[PDB]
């Protein structure tokens, strides 16, 4: 049942900064979580795809709890553009209903 990884989950603040990444990012895009944490996801995005990815972040926060999916090229550690299909949605605190973070699942396609 052993899988090689094909996706990783990240958490982001509303501006796009990585605040959590699981270790599958090493296999998927070549970076350790430590190399991504504190950086904006848009810094790893192909310049042509940056408005898509920005629009995704803006919209996911406007309709809290709605899921979006976007496709964009991600800069791997090995200096390749990797096509990524990322689903995004906000996670609300169960008690205040405020946005706690944006949850991204980033799949290499």
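Residue numbers count along the first chain shown, from 1.
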Output the stretch having the higher mean C-alpha B factor in the entry; the candidates are 92 to 100 and 13 to 21. 92 to 100
Tell me which of 47 to 55 and 22 to 30 has the higher mean C-alpha B-factor in the deposited entry. 47 to 55
Would you please rank residue 6 by its C-alpha temperature factor against the other modelled residues of its chain and give the third it falls in: lowest, middle or highest? highest
For residue 64, does the deposited CA B-factor place it in the lowest, middle or highest third of the chain? highest
Within-chain third of residue 37 by Cα B-factor, per the entry: middle
